[PDB]
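Here is the structure we will look at.
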Amino acid sequence: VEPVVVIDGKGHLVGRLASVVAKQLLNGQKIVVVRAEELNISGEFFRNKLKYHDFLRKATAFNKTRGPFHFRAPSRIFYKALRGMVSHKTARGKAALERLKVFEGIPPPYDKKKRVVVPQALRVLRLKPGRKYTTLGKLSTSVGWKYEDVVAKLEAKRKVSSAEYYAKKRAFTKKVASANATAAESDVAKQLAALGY
Amino acid sequence: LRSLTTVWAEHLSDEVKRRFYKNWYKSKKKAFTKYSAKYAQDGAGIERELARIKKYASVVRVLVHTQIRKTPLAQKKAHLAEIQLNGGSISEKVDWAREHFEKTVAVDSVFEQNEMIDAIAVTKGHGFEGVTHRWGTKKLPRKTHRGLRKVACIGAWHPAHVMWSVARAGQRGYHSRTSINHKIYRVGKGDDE
Amino acid sequence: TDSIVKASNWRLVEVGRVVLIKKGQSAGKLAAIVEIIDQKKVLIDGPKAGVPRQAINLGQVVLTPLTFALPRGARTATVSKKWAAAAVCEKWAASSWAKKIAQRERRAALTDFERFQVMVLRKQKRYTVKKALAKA
Amino acid sequence: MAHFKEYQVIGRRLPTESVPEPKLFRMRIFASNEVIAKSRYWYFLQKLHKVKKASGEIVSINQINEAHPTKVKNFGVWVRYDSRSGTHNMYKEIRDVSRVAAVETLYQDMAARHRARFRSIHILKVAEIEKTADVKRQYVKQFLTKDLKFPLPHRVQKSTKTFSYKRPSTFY
Amino acid sequence: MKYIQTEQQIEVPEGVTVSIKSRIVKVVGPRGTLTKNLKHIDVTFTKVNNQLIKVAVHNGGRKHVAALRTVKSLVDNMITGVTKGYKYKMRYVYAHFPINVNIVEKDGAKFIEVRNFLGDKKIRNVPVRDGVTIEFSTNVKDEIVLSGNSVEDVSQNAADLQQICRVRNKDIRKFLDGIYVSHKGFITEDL
RNA sequence: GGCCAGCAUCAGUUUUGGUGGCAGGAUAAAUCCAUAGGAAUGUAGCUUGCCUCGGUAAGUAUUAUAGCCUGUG
RNA sequence: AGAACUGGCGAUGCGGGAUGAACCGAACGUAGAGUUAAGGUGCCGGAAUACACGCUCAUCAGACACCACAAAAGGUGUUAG
RNA sequence: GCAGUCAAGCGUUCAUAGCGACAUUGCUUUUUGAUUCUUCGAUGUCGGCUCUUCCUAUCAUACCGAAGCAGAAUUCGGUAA
RNA sequence: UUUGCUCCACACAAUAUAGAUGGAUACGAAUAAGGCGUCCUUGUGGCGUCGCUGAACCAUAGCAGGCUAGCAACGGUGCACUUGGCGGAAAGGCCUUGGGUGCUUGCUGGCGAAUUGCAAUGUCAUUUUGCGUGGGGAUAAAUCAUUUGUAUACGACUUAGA
Ligand SMILES: [Mg+2]
Ligand SMILES: [Mg+2]
Ligand SMILES: [Mg+2]
Ligand SMILES: [Mg+2]
Ligand SMILES: [Mg+2]
Ligand SMILES: [Mg+2]
Ligand SMILES: [Mg+2]
Ligand SMILES: [Mg+2]
Ligand SMILES: [Mg+2]
Ligand SMILES: [Mg+2]
Ligand SMILES: [Mg+2]
Ligand SMILES: [Mg+2]
Ligand SMILES: [Mg+2]
Ligand SMILES: [Mg+2]
Ligand SMILES: [Mg+2]
Ligand SMILES: [Mg+2]
Ligand SMILES: [Mg+2]
Ligand SMILES: [Mg+2]
Ligand SMILES: [Mg+2]
Ligand SMILES: [Mg+2]
Ligand SMILES: [Mg+2]
Ligand SMILES: [Mg+2]
Ligand SMILES: [Mg+2]
Ligand SMILES: [Mg+2]
Ligand SMILES: [Mg+2]
Ligand SMILES: [Mg+2]
Ligand SMILES: [Mg+2]
Ligand SMILES: [Mg+2]
Ligand SMILES: [Mg+2]
Ligand SMILES: [Mg+2]
Ligand SMILES: [Mg+2]
Ligand SMILES: [Mg+2]
Ligand SMILES: [Mg+2]
Ligand SMILES: [Mg+2]
Ligand SMILES: [Mg+2]
Ligand SMILES: [Mg+2]
Ligand SMILES: [Mg+2]
Ligand SMILES: [Mg+2]
Ligand SMILES: [Mg+2]
Ligand SMILES: [Mg+2]
Ligand SMILES: [Mg+2]
Ligand SMILES: [Mg+2]
Ligand SMILES: [Mg+2]
């Protein structure tokens with residue numbers, strides 16, 4: 001529908017976000033995902049911490065360097081949920097994956113580009129009220145991720161600039177509405193009402 | 001951590017310049033000769049790099065080198081390195097830094113008597129070492145065939161791979177080490193019988 | 001320094017609450033909650049729009065902000081009489097919701113020529129507005 | 001077993017010379033179709049009478065429709081069923097708009113709570129509870145209070161495209 | 001079975017105004033002001049009038065409904081704590097070694113420093129929590145007093161002290177040494 | 001007329017829509033209409049006790065200034 | 001380890017049970033179109049993140065015949081009786 | 001070989017601090033048997049030496065809950081390899 | 001080593017392409033709550049309004065978009081300039097001034113289109129490189145061999161040499 005879709009991970013549930021992201025790439029839609037630190041997983045923090053430690057013990061006994069690799073960053077926990085939903089040892093699969101990008105925070109390009117959401121993976125739409133859940137960033141710091149603070153700091157900075165932007169814009173569309181209303185009631189506008197506009 | 005700029009002194013001793021080369025004698029020694037020209041223009045582009053470090057920068061390290069010529073060594077080529085500056089505000093740091101270009105700094109300005117310090121250095125080299133002395137493994141008995149400074153069992157039958165955790169012959173020494181807590185007993189001065 | 005406690009003012013399932021039916025032979029049609037079966041199921045009735053008295057899932061319906069006085073479990077004739085009385089239809093019709101529904105129904109019926117007329121007309125409109133938007 | 005119709009079924013043991021005109025017995029039966037219905041009939045007659053289908057005959061089979069299908073009713077429901085380790089009688093109450101609707105949710109309920117498949121259940125009686133206050137089970141009493149109203153918090157709308165440009169709102 | 005709604009009442013008295021957006025509760029009164037975050041629960045606060053507030057749960061289960069009352073309690077104890085306030089009294093208890101308890105400070109501190117416990121050369125320290133103040137009761141022997149607007153911080157600061165003086169490697173039935181909470185009340189008297 | 005296509009009219013197989021006429025059953029059951037009777041999650045009225053001028057509540061009260069249930073046609 | 005009756009594997013590919021001699025479906029000439037079996041339909045992966053009523057929250061939940069295990073006993077967790 | 005359930009008894013008194021009969025439910029696969037699938041056109045025994053890694057049904061070491069824990073000493077139990 | 005390198009420009013030739021074909025159209029936060037407007041005592045404030053999907057918004061007419069005239073506006077927008085400022089998370093982009101110039105389907109005119117034959121993607125994007133031309137610009141090093149021994153089985157390392 002658009003050349004590149006930018007997804008605001010915040011408030012999405014990992015494997016449901018993954019399931020849709022994977023399909024899209026396979027079908028040829030480039031996807032970039034931001035604020036993976038604000039991803040969720042159902043299940044209380046402790047549960048998913050225990051799960052993560054299960055993962056953590058699997059290693060190649062003769063050489064741990066060849067063994068399963070354990071990435072600690074929310075973006076990359078995420079990639080993992082994703083990568084495992086893609087026939088990723090096939091050309092067709094590598095190709096789909098090159099179509100993907102994932103970030104903690106919203107770094108340049110994407111901070112001035114619109115981001116969407118994916119309602120069929122929106123936690124607030126899916127999880128029954130009262131069911132505990134985990135935030136990706138908090139899970140990740142506990143298994144080694146080093147950059148929650150730095151991301152938080154940048155994000156607060158970015159969030160201030162974006163508040164300005166918004167404000168300016170909302171000021172501007174107020175003017176624009178003031179304009180659109182002198183033109184209301186005019187002849188060309190009554191005609192357009194007639195045609196559903 | 002990522003570096004965004006480096007600002008350099010305008011004059012550089014041949015001692016450092018030499019570090020930037022693999023064949024000094026043959027070379028035209030053109031290192032930094034355009035950089036040096038940046039000072040000409042009033043200072044314009046040097047200030048703004050300095051400016052840039054101040055505006056941003058979570059940390060400031062300074063670039064120093066040794067005066068290996070003041071040393072009985074034969075190896076002319078000096079050692080260059082980044083030392084993190086730790087007093088004041090970031091801006092005070094780069095002010096310190098700019099102020100000290102081409103200028104010189106002494107151990108007493110950094111260490112004192114009875115201080116506990118650490119030492120970072122590459123360990124002596126010993127080349128290819130067998131298992132006994134490299135790992136402190138027990139000499140096999142005198143009767144054993146095929147030699148005896150070895151490990152008798154290099155692993156069980158399964159895993160059917162030699163493992164990362166058993167001792168094997170190979171290089172010994174010329175390692176990085178970070179050794180800590182060495183008390184300073186004297187801070188001597190060169191100009192002092 | 002009064003207390004000031006939010007609110008949260010949900011539409012209620014309740015006898016006399018009008019609902020807009022979202023899928024089925026009816027669909028897009030209004031109806032009234034007559035009686036109330038359990039947390040998930042109500043008895044609805046919509047004579048004015050020709051929707052049969054029936055049991056239905058709340059989930060098949062979307063509650064509207066309109067209510068009118070209805071006796072619990074009132075039959076169809078009563079329903080039609082009270083409905084007309086409270087004139088819910090013009091009330092609905094006046095709502096932005098209703099209007100937004102009529103809008104896109106009209107948009108969807110546009111002829112290809114009409115589409116081309118809309119465009120000409122928006123160029124026309126854009127001209128004078130983009131003007132106004134530069135003199136204040 | 002499905003979406004139920006309710007059937008009157010009438011049978012009798014076959015006539016004989018010395019006993020022409022045998023007695024004629026009736027059952028109401030909830031089934032998805034008349035084939036299952038006649039089957040169920042023979043199933044219960046044999047738990048009650050010396051008969052079986054080879055020596056009996058179906059006399060009539062008719063669907064009974066609800067008298068007042070758009071009138072909400074409070075049902076009392078009486079069931080026999082088997083569990084994994086014994087067999088048990090039960091009384092439940094179901095609020096709906098027809099016996100037929102009511103019996104569907106019963107099997108559903110029996111399957112969900114007690115894990116009883118259809119084979120394991122005997123409906124003993126389904127009867128409309130005429131006076132509120134002979135209503136016994138509180139999960140229904142609850143829906144009989146005067147001027148009853150309740151909101152439906154946390155509204156969740158079905159998206160029709162995989163991407164959305166807003167950020168939904170569960171208001172309602 | 002899911003109860004279609006149960007609700008609770010929260011009386012409000014003359015001194016105080018309570019103010020709740022999202023589920024962030026603010027209670028102001030004569031003794032200061034407390035706030036508490038109820039977002040983790042799902043309940044609907046309604047003002048009926050300046051001395052009454054309802055909290056309710058729609059279509060709730062046992063565990064949910066079970067949380068209605070404790071919400072009511074929590075905000076009740078915010079209101080009273082802001083009118084009467086809370087006072088917790090504890091007593092030192094020892095059979096031979098007199099337990100010595102002062103207030104100390106290191107970098108804007110306020111710590112409760114417990115010394116000599118069961119003879120211990122060790123020096124026990126408990127921080128004072130903010131909003132709780134400490135008096136060593138005159139006219140009563142070996143009594144400490146912790147008071148403040150918040151039952152939560154007062155009670156927890158008390159519990160910290162009684163837990164910093166657990167006995168180890170001893171029959172704690174005989175070795176009864178400790179600092180135990182002895183009375184739980186309000187600050188403003190008559191009430 | 002070699003190569004490959006497009007459309008039309010057909011034939012074999014098949015898929016997927018729109019629409020017409022009928023048969024059955026409690027000659028569907030309902031709604032609706034008429035009629036008799038009734039009740040309460042009791043509509044008007046009335047009583048009484050509080051209560052900022054009528055709002056509540058707890059009584060009476062079976063169609064009145066809402067309605068519903070059940071049978072019969 | 002040993003018999004009975006049938007059906008299979010051995011001598012047999014094909015679709016399903018991830019994998020597998022024997023289970024489920026179905027038995028094979030070379031091909032087109034259609035429709036199904038058993039089994040499936042979040043993504044891997046063709047196919048409803050379909051509809052509907054309940055139940056379940058596990059600091060070692062559970063997840064489909066053959067089949068890749070769990071018992072006595074016990075719970076003021078919760079459900080219905 | 002290891003661990004439970006019931007609780008008659010043991011334990012001055014007192015079933016369950018620590019134990020536990022008659023019964024009875026299990027788990028384990030460093031015991032020994034039972035089997036005979038793979039290897040008899042070869043997969044070289046027992047012990048020790050050396051060396052790594054793993055399990056936990058924990059002997060010591062950290063922190064705990066019990067006691068027929070006064071103290072010292074000990075015993076039972078939990079998180080723990 | 002036979003006139004080489006680099007940035008900008010156009011020119012011919014290639015080579016390609018995980019897949020342009022109107023637009024990736026920027027708050028944050030909450031969901032048992034919010035957006036927007038508006039007032040004010042500027043607050044966990046009053047009042048109004050909206051949702052119930054982007055089925056939107058923006059753009060969109062002209063030989064794939066030709067050649068031309070005029071009017072009404074003084075608006076819009078393309079391009080190359082120029083003024084002031086911002087953005088380091090991967091800023092490499094955003095904003096602002098001012099003159100110039102093109103287009104304007106805001107409205108009204110003149111001319112052109114066929115024969116590509118009843119369809120045939122009917123060719124309109126963006127990759128990397130190669131070769132000459134001429135506007136700026138810039139004028140090294142590494143390796144072998146030799147040598148040190150803080151290094152070394154051999155390579156490697158570390159020194160030294162106009
Ligand atoms: Mg381990
Ligand atoms: Mg730079
Ligand atoms: Mg040696
Ligand atoms: Mg040694
Ligand atoms: Mg040594
Ligand atoms: Mg020998
Ligand atoms: Mg050895
Ligand atoms: Mg102890
Ligand atoms: Mg002791
Ligand atoms: Mg052809
Ligand atoms: Mg045909
Ligand atoms: Mg028909
Ligand atoms: Mg009424
Ligand atoms: Mg054979
Ligand atoms: Mg076969
Ligand atoms: Mg896969
Ligand atoms: Mg698929
Ligand atoms: Mg079975
Ligand atoms: Mg299997
Ligand atoms: Mg139970
Ligand atoms: Mg053994
Ligand atoms: Mg016994
Ligand atoms: Mg005892
Ligand atoms: Mg005894
Ligand atoms: Mg054998
Ligand atoms: Mg052999
Ligand atoms: Mg062999
Ligand atoms: Mg051999
Ligand atoms: Mg071998
Ligand atoms: Mg253990
Ligand atoms: Mg413990
Ligand atoms: Mg005793
Ligand atoms: Mg270990
Ligand atoms: Mg382990
Ligand atoms: Mg490609
Ligand atoms: Mg609002
Ligand atoms: Mg506002
Ligand atoms: Mg407001
Ligand atoms: Mg829009
Ligand atoms: Mg044009
Ligand atoms: Mg023209
Ligand atoms: Mg980037
Ligand atoms: Mg050139």
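In the structure tokens, the first chain shown is A, the next is B, and so on; residue numbers restart at 1 for each chain, and ligands run from 1 in the order shown.
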For this session: Enumerate as a PyMOL selection string the residues belonging to chain D that approach chain C to within 8 Å, with only C-alpha atoms taken into account.
Result: chain D and resi 70-72+95-97+143+147-153+171-172
Include N, CA and C atoms and write out the residues we just selected as a compact mmCIF listing (two decimals), in the first residue's frame.
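The new file out34.txt reads:
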# COMPACT_ATOMS: atom_id res chain seq x y z
N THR D 70 -40.36 -14.80 20.91
CA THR D 70 -39.68 -13.56 21.21
C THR D 70 -40.08 -13.08 22.56
N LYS D 71 -40.27 -14.03 23.47
CA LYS D 71 -40.54 -13.72 24.87
C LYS D 71 -39.51 -14.36 25.75
N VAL D 72 -38.83 -13.53 26.53
CA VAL D 72 -37.76 -14.01 27.36
C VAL D 72 -38.32 -14.85 28.49
N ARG D 95 -31.63 -18.78 31.09
CA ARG D 95 -32.51 -17.70 30.68
C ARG D 95 -32.38 -17.53 29.17
N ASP D 96 -33.44 -17.79 28.43
CA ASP D 96 -33.36 -17.52 27.01
C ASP D 96 -34.73 -17.30 26.48
N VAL D 97 -34.87 -17.52 25.19
CA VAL D 97 -36.04 -17.06 24.49
C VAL D 97 -36.78 -18.25 23.85
N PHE D 143 -30.25 -11.08 36.83
CA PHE D 143 -30.84 -10.40 35.69
C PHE D 143 -32.32 -10.14 35.90
N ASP D 147 -35.36 -2.17 36.80
CA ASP D 147 -34.70 -1.09 36.09
C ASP D 147 -33.23 -1.39 35.79
N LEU D 148 -32.97 -2.62 35.33
CA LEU D 148 -31.61 -3.12 35.24
C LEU D 148 -30.86 -2.52 34.08
N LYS D 149 -29.62 -2.16 34.30
CA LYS D 149 -28.79 -1.48 33.31
C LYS D 149 -27.35 -1.88 33.53
N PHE D 150 -26.56 -1.94 32.49
CA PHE D 150 -25.15 -2.15 32.72
C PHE D 150 -24.35 -1.73 31.51
N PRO D 151 -23.17 -1.17 31.75
CA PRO D 151 -22.39 -0.72 30.61
C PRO D 151 -21.62 -1.92 30.05
N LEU D 152 -20.99 -1.78 28.89
CA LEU D 152 -20.05 -2.78 28.38
C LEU D 152 -18.64 -2.15 28.24
N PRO D 153 -17.90 -2.06 29.35
CA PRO D 153 -16.57 -1.46 29.36
C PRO D 153 -15.57 -2.13 28.46
N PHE D 171 -13.09 3.39 24.26
CA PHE D 171 -14.27 4.07 24.79
C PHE D 171 -15.57 3.41 24.30
N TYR D 172 -16.66 3.74 24.97
CA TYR D 172 -17.94 3.19 24.60
C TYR D 172 -19.02 3.99 25.33
Exercise. Taking only C-alpha atoms into account, which residues of chain E are within 9 Å of chain A, as a PyMOL selection string?
Worked result: chain E and resi 40-42+64
Take the residues just selected and output them with C-alpha atoms as an mmCIF file, in the first residue's frame.
data_model
loop_
_atom_site.group_PDB
_atom_site.id
_atom_site.type_symbol
_atom_site.label_atom_id
_atom_site.label_comp_id
_atom_site.auth_asym_id
_atom_site.auth_seq_id
_atom_site.Cartn_x
_atom_site.Cartn_y
_atom_site.Cartn_z
ATOM 1 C CA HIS E 40 -3.204 -1.336 38.208
ATOM 2 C CA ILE E 41 -6.761 -2.327 38.981
ATOM 3 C CA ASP E 42 -9.813 -1.299 36.753
ATOM 4 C CA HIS E 64 -11.641 -8.655 40.742
#
For this session: May I have the residues of chain A within 12 Å of chain D, counting only C-alpha atoms, written as a PyMOL selection string?
Result: chain A and resi 1-2+5-12+16-17+19-21+23-24+31+114-130
For this session: Find the residues of chain B in contact range of chain H, meaning any atom within 10 Å when counting only C-alpha atoms (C1' of nucleotides), and list them as an MDAnalysis selection string.
Result: chainID B and resid 137:141 150:156 158:159 162:167
Could you write out the selected residues, including N, CA and C atoms, as a PDB file, in the first residue's frame?
ATOM      1  N   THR B 137      49.716 -28.439  34.082  1.00  0.00           N
ATOM      2  CA  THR B 137      49.189 -29.753  33.986  1.00  0.00           C
ATOM      3  C   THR B 137      50.218 -30.713  34.598  1.00  0.00           C
ATOM      4  N   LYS B 138      49.792 -31.886  35.073  1.00  0.00           N
ATOM      5  CA  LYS B 138      50.717 -32.769  35.777  1.00  0.00           C
ATOM      6  C   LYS B 138      51.515 -33.605  34.832  1.00  0.00           C
ATOM      7  N   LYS B 139      52.841 -33.674  35.005  1.00  0.00           N
ATOM      8  CA  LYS B 139      53.667 -34.445  34.097  1.00  0.00           C
ATOM      9  C   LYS B 139      53.180 -35.843  34.139  1.00  0.00           C
ATOM     10  N   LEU B 140      52.947 -36.449  32.986  1.00  0.00           N
ATOM     11  CA  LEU B 140      52.619 -37.846  32.971  1.00  0.00           C
ATOM     12  C   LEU B 140      53.842 -38.634  33.488  1.00  0.00           C
ATOM     13  N   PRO B 141      53.641 -39.879  33.957  1.00  0.00           N
ATOM     14  CA  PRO B 141      54.692 -40.745  34.538  1.00  0.00           C
ATOM     15  C   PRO B 141      55.892 -41.022  33.623  1.00  0.00           C
ATOM     16  N   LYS B 150      51.961 -33.849  28.643  1.00  0.00           N
ATOM     17  CA  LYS B 150      50.753 -33.892  27.875  1.00  0.00           C
ATOM     18  C   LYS B 150      49.551 -33.977  28.773  1.00  0.00           C
ATOM     19  N   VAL B 151      48.377 -34.031  28.168  1.00  0.00           N
ATOM     20  CA  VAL B 151      47.197 -34.486  28.881  1.00  0.00           C
ATOM     21  C   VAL B 151      46.843 -35.893  28.384  1.00  0.00           C
ATOM     22  N   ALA B 152      46.673 -36.824  29.294  1.00  0.00           N
ATOM     23  CA  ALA B 152      46.408 -38.172  28.846  1.00  0.00           C
ATOM     24  C   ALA B 152      45.048 -38.267  28.151  1.00  0.00           C
ATOM     25  N   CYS B 153      43.977 -37.812  28.811  1.00  0.00           N
ATOM     26  CA  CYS B 153      42.640 -37.804  28.211  1.00  0.00           C
ATOM     27  C   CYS B 153      42.192 -36.438  27.792  1.00  0.00           C
ATOM     28  N   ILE B 154      41.998 -36.284  26.495  1.00  0.00           N
ATOM     29  CA  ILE B 154      41.631 -35.010  25.910  1.00  0.00           C
ATOM     30  C   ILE B 154      40.114 -34.876  25.808  1.00  0.00           C
ATOM     31  N   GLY B 155      39.387 -35.920  26.176  1.00  0.00           N
ATOM     32  CA  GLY B 155      37.965 -35.771  26.393  1.00  0.00           C
ATOM     33  C   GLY B 155      37.296 -37.112  26.460  1.00  0.00           C
ATOM     34  N   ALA B 156      36.110 -37.198  27.050  1.00  0.00           N
ATOM     35  CA  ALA B 156      35.361 -38.445  26.917  1.00  0.00           C
ATOM     36  C   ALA B 156      34.964 -38.743  25.461  1.00  0.00           C
ATOM     37  N   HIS B 158      31.901 -38.964  24.396  1.00  0.00           N
ATOM     38  CA  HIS B 158      30.882 -38.014  24.015  1.00  0.00           C
ATOM     39  C   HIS B 158      30.866 -36.877  24.953  1.00  0.00           C
ATOM     40  N   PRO B 159      30.714 -35.649  24.438  1.00  0.00           N
ATOM     41  CA  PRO B 159      30.711 -35.156  23.061  1.00  0.00           C
ATOM     42  C   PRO B 159      31.852 -35.641  22.179  1.00  0.00           C
ATOM     43  N   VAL B 162      36.726 -32.583  20.699  1.00  0.00           N
ATOM     44  CA  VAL B 162      37.549 -32.023  21.762  1.00  0.00           C
ATOM     45  C   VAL B 162      36.882 -30.770  22.233  1.00  0.00           C
ATOM     46  N   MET B 163      36.878 -30.528  23.531  1.00  0.00           N
ATOM     47  CA  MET B 163      36.205 -29.339  24.029  1.00  0.00           C
ATOM     48  C   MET B 163      37.079 -28.150  24.283  1.00  0.00           C
ATOM     49  N   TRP B 164      36.487 -26.979  24.022  1.00  0.00           N
ATOM     50  CA  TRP B 164      37.034 -25.686  24.438  1.00  0.00           C
ATOM     51  C   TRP B 164      37.667 -25.637  25.869  1.00  0.00           C
ATOM     52  N   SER B 165      37.154 -26.417  26.805  1.00  0.00           N
ATOM     53  CA  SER B 165      37.691 -26.342  28.157  1.00  0.00           C
ATOM     54  C   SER B 165      38.882 -27.283  28.537  1.00  0.00           C
ATOM     55  N   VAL B 166      39.463 -28.049  27.612  1.00  0.00           N
ATOM     56  CA  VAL B 166      40.688 -28.785  27.933  1.00  0.00           C
ATOM     57  C   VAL B 166      42.031 -28.139  27.493  1.00  0.00           C
ATOM     58  N   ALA B 167      43.103 -28.419  28.208  1.00  0.00           N
ATOM     59  CA  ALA B 167      44.356 -27.767  27.947  1.00  0.00           C
ATOM     60  C   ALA B 167      44.997 -28.224  26.650  1.00  0.00           C
TER      61      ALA B 167
END
Problem set entry | Test item: residues no farther than 9 Å from ligand 23, counting only C-alpha atoms (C1' of nucleotides) and all ligand atoms, as a ChimeraX atom specification | /H:11,13-17,68
Exercise. So which residues touch residue 152 in chain E within 10 Å, counting only C-alpha atoms (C1' of nucleotides), skipping near sequence neighbours fewer than 2 positions away, as a list in words?
Worked result: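 Final neighbour list, sorted by chain and number: residues 74, 77, 78, 81, 86, 148, 149, 150, 154, 155, 156, 157 and 158 of chain E.
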Since we have the selection now, will you write its residues out, keeping N, CA, C and O atoms, as a PDB file, in the first residue's frame?
ATOM      1  N   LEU E  74      -7.835   1.347  50.777  1.00  0.00           N
ATOM      2  CA  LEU E  74      -6.606   2.073  50.517  1.00  0.00           C
ATOM      3  C   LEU E  74      -6.890   3.570  50.506  1.00  0.00           C
ATOM      4  O   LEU E  74      -6.155   4.341  51.143  1.00  0.00           O
ATOM      5  N   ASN E  77      -7.836   4.847  54.047  1.00  0.00           N
ATOM      6  CA  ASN E  77      -6.627   5.093  54.847  1.00  0.00           C
ATOM      7  C   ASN E  77      -5.809   6.287  54.332  1.00  0.00           C
ATOM      8  O   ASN E  77      -4.888   6.758  55.000  1.00  0.00           O
ATOM      9  N   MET E  78      -6.113   6.757  53.126  1.00  0.00           N
ATOM     10  CA  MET E  78      -5.464   7.968  52.636  1.00  0.00           C
ATOM     11  C   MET E  78      -6.159   9.181  53.235  1.00  0.00           C
ATOM     12  O   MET E  78      -5.517  10.126  53.696  1.00  0.00           O
ATOM     13  N   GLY E  81      -5.665   9.268  57.156  1.00  0.00           N
ATOM     14  CA  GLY E  81      -4.259   9.554  57.371  1.00  0.00           C
ATOM     15  C   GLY E  81      -3.928  11.010  57.173  1.00  0.00           C
ATOM     16  O   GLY E  81      -2.905  11.521  57.606  1.00  0.00           O
ATOM     17  N   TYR E  86      -1.394   8.870  61.297  1.00  0.00           N
ATOM     18  CA  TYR E  86      -1.102   7.612  61.965  1.00  0.00           C
ATOM     19  C   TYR E  86       0.110   7.702  62.863  1.00  0.00           C
ATOM     20  O   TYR E  86       1.038   8.458  62.592  1.00  0.00           O
ATOM     21  N   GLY E 148       2.976   9.859  60.991  1.00  0.00           N
ATOM     22  CA  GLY E 148       2.951  10.510  59.696  1.00  0.00           C
ATOM     23  C   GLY E 148       1.606  10.470  58.972  1.00  0.00           C
ATOM     24  O   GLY E 148       0.623   9.951  59.497  1.00  0.00           O
ATOM     25  N   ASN E 149       1.534  11.015  57.765  1.00  0.00           N
ATOM     26  CA  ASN E 149       0.277  10.937  57.035  1.00  0.00           C
ATOM     27  C   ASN E 149      -0.009   9.578  56.361  1.00  0.00           C
ATOM     28  O   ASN E 149      -1.135   9.296  55.982  1.00  0.00           O
ATOM     29  N   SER E 150       0.992   8.722  56.215  1.00  0.00           N
ATOM     30  CA  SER E 150       0.789   7.530  55.410  1.00  0.00           C
ATOM     31  C   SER E 150       0.986   6.212  56.200  1.00  0.00           C
ATOM     32  O   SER E 150       2.124   5.811  56.505  1.00  0.00           O
ATOM     33  N   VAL E 154       4.627   4.856  57.494  1.00  0.00           N
ATOM     34  CA  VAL E 154       4.808   4.649  58.928  1.00  0.00           C
ATOM     35  C   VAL E 154       4.906   3.157  59.252  1.00  0.00           C
ATOM     36  O   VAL E 154       5.897   2.735  59.829  1.00  0.00           O
ATOM     37  N   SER E 155       3.918   2.360  58.859  1.00  0.00           N
ATOM     38  CA  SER E 155       3.949   0.938  59.199  1.00  0.00           C
ATOM     39  C   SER E 155       5.201   0.202  58.670  1.00  0.00           C
ATOM     40  O   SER E 155       5.744  -0.682  59.344  1.00  0.00           O
ATOM     41  N   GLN E 156       5.661   0.581  57.482  1.00  0.00           N
ATOM     42  CA  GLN E 156       6.815  -0.066  56.876  1.00  0.00           C
ATOM     43  C   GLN E 156       8.105   0.359  57.573  1.00  0.00           C
ATOM     44  O   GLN E 156       8.978  -0.472  57.823  1.00  0.00           O
ATOM     45  N   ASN E 157       8.217   1.641  57.919  1.00  0.00           N
ATOM     46  CA  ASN E 157       9.377   2.091  58.691  1.00  0.00           C
ATOM     47  C   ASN E 157       9.418   1.390  60.044  1.00  0.00           C
ATOM     48  O   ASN E 157      10.490   1.046  60.528  1.00  0.00           O
ATOM     49  N   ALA E 158       8.261   1.147  60.644  1.00  0.00           N
ATOM     50  CA  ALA E 158       8.237   0.393  61.881  1.00  0.00           C
ATOM     51  C   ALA E 158       8.695  -1.037  61.614  1.00  0.00           C
ATOM     52  O   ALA E 158       9.537  -1.565  62.328  1.00  0.00           O
TER      53      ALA E 158
END
Exercise. Got a sec to pull out which chain G residues are within 9 Å of chain A, counting only C-alpha atoms (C1' of nucleotides), and send them as a ChimeraX atom specification?
Worked result: /G:42-44,49,57,59
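Interatomic distance, CA of residue 120 in chain D against CA of residue 87 in chain D: 9.1 Å.
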Exercise. Within 12 Å of chain H, which residues of chain E show up when using only C-alpha atoms (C1' of nucleotides), listed as a PyMOL selection string?
Worked result: chain E and resi 168-175
Kindly save the residues from that selection, with C-alpha atoms included, as a compact mmCIF listing (two decimals), in the first residue's frame.
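Saved file result.txt follows:
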# COMPACT_ATOMS: atom_id res chain seq x y z
CA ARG E 168 20.01 -15.60 64.87
CA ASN E 169 21.39 -18.95 66.03
CA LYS E 170 19.25 -18.77 69.16
CA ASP E 171 16.03 -20.25 70.46
CA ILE E 172 14.04 -17.16 69.70
CA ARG E 173 11.45 -18.34 72.18
CA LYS E 174 13.94 -17.71 74.98
CA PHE E 175 15.93 -15.01 73.30
